[PDB]
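Enquirer:
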Amino acid sequence: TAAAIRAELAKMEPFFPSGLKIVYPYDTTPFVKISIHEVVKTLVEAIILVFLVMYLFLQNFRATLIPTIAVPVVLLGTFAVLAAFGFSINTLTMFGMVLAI
Amino acid sequence: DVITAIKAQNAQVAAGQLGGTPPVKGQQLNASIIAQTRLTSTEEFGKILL
Amino acid sequence: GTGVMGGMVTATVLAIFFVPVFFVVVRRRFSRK
Amino acid sequence: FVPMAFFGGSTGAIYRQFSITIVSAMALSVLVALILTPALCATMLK
Amino acid sequence: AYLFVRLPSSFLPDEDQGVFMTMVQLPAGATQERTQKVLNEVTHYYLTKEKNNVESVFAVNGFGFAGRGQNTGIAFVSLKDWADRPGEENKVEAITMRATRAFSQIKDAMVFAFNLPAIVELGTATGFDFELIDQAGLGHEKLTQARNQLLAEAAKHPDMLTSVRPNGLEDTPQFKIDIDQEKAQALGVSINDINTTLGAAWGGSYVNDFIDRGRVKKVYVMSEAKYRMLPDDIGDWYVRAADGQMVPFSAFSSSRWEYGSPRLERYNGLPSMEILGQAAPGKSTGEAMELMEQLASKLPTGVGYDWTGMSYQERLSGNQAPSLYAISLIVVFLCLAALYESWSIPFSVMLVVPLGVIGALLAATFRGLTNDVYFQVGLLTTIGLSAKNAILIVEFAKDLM
Amino acid sequence: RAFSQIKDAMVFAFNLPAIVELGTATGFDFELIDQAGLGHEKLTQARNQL
Amino acid sequence: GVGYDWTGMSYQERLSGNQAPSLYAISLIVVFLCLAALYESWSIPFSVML
Amino acid sequence: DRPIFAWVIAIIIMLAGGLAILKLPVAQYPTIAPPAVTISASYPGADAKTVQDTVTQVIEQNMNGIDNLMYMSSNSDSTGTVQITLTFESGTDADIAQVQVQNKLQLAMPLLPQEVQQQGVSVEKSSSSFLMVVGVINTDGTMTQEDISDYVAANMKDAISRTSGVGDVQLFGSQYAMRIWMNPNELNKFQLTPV
Amino acid sequence: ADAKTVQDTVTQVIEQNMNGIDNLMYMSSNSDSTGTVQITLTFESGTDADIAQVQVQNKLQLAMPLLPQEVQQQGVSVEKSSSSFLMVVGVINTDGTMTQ
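Residue numbers (UniProt numbering), protein chains in the order written: chain A, 302 to 402; chain B, 202 to 251; chain C, 1004 to 1036; chain D, 453 to 498; chain E, 553 to 953; chain F, 653 to 702; chain G, 854 to 903; chain H, 7 to 201; chain I, 52 to 151.
1. So, is the C-beta of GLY766/E closer than 8 Å to a C-beta in chain F?
2. Between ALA54/H and chain B, is any beta-carbon pair separated by less than 8 Å?
3. Mind checking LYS55/H: buried by the 16 CB within 10 Å criterion, or exposed?
4. Return helix, strand or coil for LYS498/D, following the three-state DSSP convention.
5. Closer than 8 Å, CB to CB, is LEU400/A near chain E or not?
6. According to a CB-to-CB cut-off of less than 8 Å, which residues of the stretch 761-788 of chain E neighbour chain I?
7. Between the Cα of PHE94/H and the Cα atoms of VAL57/H, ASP53/H, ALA42/H and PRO36/H, which residue gives the shortest distance?
8. Are any of the Cβ atoms in chain I nearer than 8 Å to that of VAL663/F?
9. Would you call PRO326/A buried or exposed, if buried means 16 or more other Cβ atoms sit within 10 Å of its Cβ?
10. Quick check: is the beta carbon of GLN865/G nearer than 8 Å to any beta carbon in chain I?
11. Can you tell me whether residue 503/D is buried or exposed? The criterion is at least 16 other CB atoms within 10 Å of its CB, across all chains shown.
12. Counting C-beta neighbours from all protein chains within 10 Å, is the total for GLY1006/C 16 or more, i.e. buried, or is it exposed?
13. Alpha carbon to alpha carbon, what distance is there between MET69/H and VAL127/I?
14. Is it true that the stretch 634-641 of chain E meets the stretch 484-497 of chain D, where meeting means three or more beta-carbon pairs spaced less than 8 Å apart?
15. Closest to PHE927/E by CA distance: which of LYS940/E, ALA939/E, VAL909/E and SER938/E is it?
16. Alpha carbon to alpha carbon, how far is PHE317/A from residue 765/F? Give it in angstroms, no decimals.
17. Step through the CB atoms of chain E and report whether any lies within less than 8 Å of the CB of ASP59/I.
18. Return the residues of the stretch 802-822 of chain E that lie within a Cβ-Cβ distance of less than 7 Å from chain H, sorted by chain order.
19. Using a Cβ-Cβ cut-off of 6 Å (strictly less than) and excluding sequence neighbours within five positions of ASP785/E, which residues of its own chain qualify?
20. Name, please, each residue of chain F whose Cβ falls closer than 7 Å to the Cβ of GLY861/G.
21. Name the DSSP bridge partner or partners of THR93/I?
22. Based on the DSSP output, what are the partners of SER900/G in its beta bridges?
23. What's the C-alpha gap between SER134/H and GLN34/H?
24. Check distances from the C-beta atoms of the stretch 133-148 of chain I to those of chain F and list, in chain order, the residues that come in under 7 Å.
25. Please compile the residues from chain A whose C-beta is within a distance smaller than 7 Å of the C-beta of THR933/E.
26. Would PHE664/E and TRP859/E qualify as a contact pair, given that the criterion is a beta-carbon distance under 8 Å?
27. Can you say whether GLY71/H is buried or exposed, counting buried as having 16 or more other CB atoms within 10 angstroms of its CB?
28. Give a single yes or no on whether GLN89/I has its beta carbon closer than 7 Å to a heavy atom of the ligand FAD.
29. How is residue 957/E classed by DSSP in three states: helix, strand or coil?
30. Looking at the C-beta of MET798/E, does it have a partner C-beta in chain H at a distance below 8 Å?
31. Can you tell which of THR922/E, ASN941/E, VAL883/E and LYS940/E has the C-alpha that lies nearest to the C-alpha of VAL454/D?
32. Please state the DSSP three-state secondary structure of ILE15/H.
33. Establish whether the CB of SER476/D and some CB of chain A are separated by less than 8 Å.
34. For a cutoff of 8 Å on Cβ pairs, would you count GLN67/I as touching chain E?
35. Alpha carbon to alpha carbon, how far is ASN81/I from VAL64/H? Give it in angstroms, no decimals.
36. In the DSSP assignment, find the alpha helix (DSSP H) that holds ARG699/E and state where it starts and stops.
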């Protein structure tokens, strides 16, 4: 919704005369693109941390290049089953993804 | 005459407020003005002047 | 995060050698029948 | 997990805010890590 | 078992949102001028003694929540990024706290500044919302008194404790013109001419629409402020008679004061009032709302009650947490038989489950955390996780057997 | 050719595009909007200029 | 004070262009896909596909 | 089992999942709210007790046969405004709960005075929480509250609400009207009334 | 009514009141000299034509008493569009000709 509220306001930009500065005293859009940013920060921590705690215990590049290759497929395989029958496709699900991680 | 006198006395009108929307900078009080009200009983309908 | 790791620090250590772990195919399989 | 779909009203699909993905990432972890994994164990190992 | 039940349960943790808002409320009018001064002391505090936090203040005079008016007023606060405020002294956990302390500490206005509960509304945590309904068809004053009786009696119970306050209460003195119909009809003025001269000259009037440089806009007539500020400005309004006489109000009017409520509420087509309360520094809803029920039952006749945007409806943890694991426990030892045969394995786990739990409540007490809808999914994750710790040594022993 | 070849009226005769409308092939449809709130004549002239 | 838009021909976002390359894009990913299922490594994936 | 079939199923559930992340950009919530449909009427310059009876009660007395529904609350104000919020079950079609409300208002429409009837009445979906507030401020040759509040509506408020899924735009101000400020002394002098 | 009158007293009233219609792409006008106007609200290809029908009406019901009592009683109509006929059944005369 908010991606197109700006898009509608973007075309009014040039037909303004003197002293019409559009500000953002209240906004909930940058908080959301941070909830996505923190679930990219997390996961990458997990991918690296798993990649390491496999070199500890069962050391070898060619032994860790398997349980770490298997992990993205199940993650993006998750936001894929979100569409069908009558379920979702949102966030608090990208959040709920970090426990599924 | 009866009908016209009914809506002329059983009326719920809309009068404004003391110290309204655009004020004289220095106003201290604000109060909504009540003009006429809707008659509540059979007796008040009896006293409607024709 | 607390819900997992707090509920994990037990589950890991306290549920590998202690009580109802190996008290499972032993203490509550038979010991009776 | 999934029987959490028999939830309430305003705290409604918040327990469907998963148990489903935790089943998805679980059933995907039981299917993708079933079909694959053994697959990428025979190829290059040792 | 004695780890929670001791715990207050988190509904959903109220976050700092990078952005919060304040509120302003004034007594019995109390005009736009009287309020702007108060909104100036607020749109000053943020910009003067909180430069390193406040990005911008958006002061709006004549807004508030529950309704518009020359009495309310709010301001939206933008915050400087997130990394620009490190410590707890730096963000909306304490910013609102020393703000509430700095505002309401002094000055003749009700000011708060609250938090966005990370959602639209209904369901704080331990809070309630009571509705007091006129049932037998009493009066407004024969209801506000039952509201008074249940707010002065509920106020003599801080022994079990509750924090109760009403909404947009007031009941401001109103001015009542009394048009003498017999004096007006004999004097020679139309009753319809009087009400328009009082309506259009005091509250304004919508006449028609006009075109302004392309688009169509309204035409209002209200009269200059100078002649509508006070009760004495009523007298010098002259209405044309049938003869052609400029007859003023006075000679058929009766200037009387008297009270009246500016904000009337109704619940389901019945005169009703809130009332918006709490719980107690101890008990929560289940008792805090329950004792309130018969407190209203010991009130005058024709007074009933309902609960709205907090009375759920039927949800939360309670009445959703036991039936949660009920149809979970039936399935939890189910497939602990599929390849595990009889009731020999169904207790290998199923009772491993409270190994996971023990540390979860410990780390949500020795930390200060609370039972929420993620830790109550952590109570779901770890229990499933235990099916690779425990039941994945049972199908190593049963596989060895 | 037979219609518009002679006579003081604009006449065409076209084809049904095998659908309801929008999407001929290579064609466009331009809209010229009054934005700053000018006049009709201070728009028809921009229509004339374009 | 003169702006512009396009209506019943400005698509919206369709045609062949911007729909023909992303057509065979998610086609080409699937076109050599099952050219491996029973055909092993990247030896058959170019037997067709070209 | 052979692996190349599997390392192809893993190629799917990846571009079939990368196709579902193409719901860019992704919303924050979960529609957790029991859906609310609001009816907002405004009697200009009217008191609280008047709008309570002549406007508010008329609408409530006419709310019969609305599908589903939980409850309804009122806000008959002194400013001469009232809004009735009809709350429905969490999961009801907010598009059908929209039109049931309107088609009971259309039964009480000519019972509302011709002063309030032309003033508006509006039935829309609710949130009571803003997604964005775009402040239009001045930097030079300062126009003024009344001047900007007009232009914010005369040039770009119309472009919003009709756009991508806006419930109701509550603009901060007012667009121009032909304001006529009468003088009772100058009215009485020529034997004239507001009428 | 003339073109410039219906433009302001009828057409602009409806457009000023089109707020909160779900989905939607754009809206065009046709304030004519014949004293007629039709606003065509176009939606996304696949939207429910039954729900896009009623959103439009329930914003017209907000601008209904702002239209003059001359045009108000004359009609106003909200329906689905095609601008292309499926059939035209001409009723002609063969004997004792009645007239247009």
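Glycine included, C-beta positions come from ideal geometry on N, C-alpha and C.
Expert: So, from the data block:
1. yes
2. yes
3. buried
4. coil
5. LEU400/A counts as touching chain E.
6. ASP761, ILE763, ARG767 and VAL768
7. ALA42/H
8. no
9. buried
10. yes
11. Outside the shown range of chain D (453 to 498) lies residue 503/D, about which nothing can therefore be said.
12. Per the 10 Å Cβ criterion, buried.
13. If you take the alpha carbons of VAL127/I and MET69/H, they lie about 26 Å apart.
14. no
15. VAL909/E
16. No answer is possible for residue 765/F: it lies beyond the span of chain F, which begins at 653 and ends at 702.
17. yes
18. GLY812, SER813, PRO814, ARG815, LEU816, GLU817, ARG818, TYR819, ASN820 and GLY821
19. The residues are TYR779.
20. Listed along chain F are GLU673, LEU674 and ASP681, each with a C-beta nearer than 7 Å to that of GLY861/G.
21. Partner(s): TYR77/I.
22. BP columns for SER900/G are empty, so no partner.
23. 17 Å
24. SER133, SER134 and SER135
25. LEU400
26. no
27. exposed
28. The model depicted lacks the ligand FAD and carries no ligand whatsoever.
29. This structure gives no information on residue 957/E, because the portion of chain E shown stretches from 553 to 953.
30. yes
31. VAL883/E is the residue among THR922/E, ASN941/E, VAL883/E and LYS940/E whose C-alpha sits nearest the C-alpha of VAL454/D.
32. helix
33. It does: the Cβ of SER476/D has a partner Cβ on chain A nearer than 8 Å.
34. yes
35. 37 Å
36. Bounds of the alpha helix (DSSP H) holding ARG699/E are 693-704.
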